[PDB]
Structures are given as C-alpha cells and as structure tokens.
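>
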Amino acid sequence: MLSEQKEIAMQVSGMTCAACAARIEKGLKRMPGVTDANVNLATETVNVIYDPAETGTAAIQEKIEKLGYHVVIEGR
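Per the deposited numbering, residue 1 is the first one in the sequence shown, and the count goes up by one each step.
1) Taking only the alpha-carbon atoms, compute the straight-line gap between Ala-18 and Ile-24 and give it to the nearest angstrom.
2) Within its chain, find whatever has a CB closer than 6 Å to the CB of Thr-55; leave out the 5 residues flanking it on each side and keep chain order.
3) Taking the alpha carbon of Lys-66 as the point to measure from, which residue in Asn-40, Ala-53, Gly-14 and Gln-5 has its own alpha carbon closest?
4) How far does the beta strand (DSSP E) with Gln-61 in it reach, from first residue to last?
5) Once the 5 residues before and after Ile-64 are set aside, which same chain residues still bring their CB inside 6 Å of it?
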C-alpha cells in the first residue's frame, strides 16, 4: 500500500578520514531509492536515508564492498 523511507545509521571500517567515508556514502547516494547520505566520523558512523522498496542494507553492503570498504550492521 505504502513506501515510507527510513534512516539507517551504522559503522564503517577502513575510513581514513579525508572525505573517505563521504566518498563511500556518496556512492550510495547514487543507488535507486536512496534520498540522502550524512557521514558522522566524529562517531566513526554514517547515516543514510533510503526507501526499503527499492533500496536497503542488502544493496548497500553490495555497493559498499565495491566502494572498497565494509560496513558493519551492528547496533540494531
């Protein structure tokens, strides 16, 4: 009936500051069903908003790997 989008917030591995994680997530800003990407290296974390119809963690890991890093869906 609906498609209501959500924020995920999760930790990344391999970021060496200097817009690295920004590049990672900006990669995800290209994925069909993302809306926005917001890096939080002050907490070694990144937040990304997407629609679970087209986009989720599933596709996201896939691309993150190709960006040349691995994200950790630890937390919740």
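Beta carbons: idealized from backbone N, C-alpha and C, even for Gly.
According to the data block:
1) Locating residue 18 in the sequence shown gives position 18, where the first residue counts as 1. Locating residue 24 in the sequence shown gives position 24, where the first residue counts as 1. For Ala-18 and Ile-24, the distance between alpha carbons rounds to 12 Å.
2) Along the sequence shown, read from residue 1 onward, the residue named residue 55 stands at position 55. If we look at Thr-55 and ignore the five residues flanking it on each side, its Cβ neighbours are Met-31, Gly-33 and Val-34.
3) Within the sequence shown, numbered from 1, the residue matching residue 66 stands at position 66. For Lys-66, the nearest C-alpha among the options comes from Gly-14.
4) Walking along the sequence shown from the start, residue 61 turns up at place 61. It is not in any beta strand (DSSP E) - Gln-61 instead sits in the alpha helix (DSSP H) that spans 57-67.
5) As a position in the sequence shown, residue 64 is number 64, starting the count at 1. If we look at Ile-64 and ignore the five residues flanking it on each side, its Cβ neighbours are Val-71.
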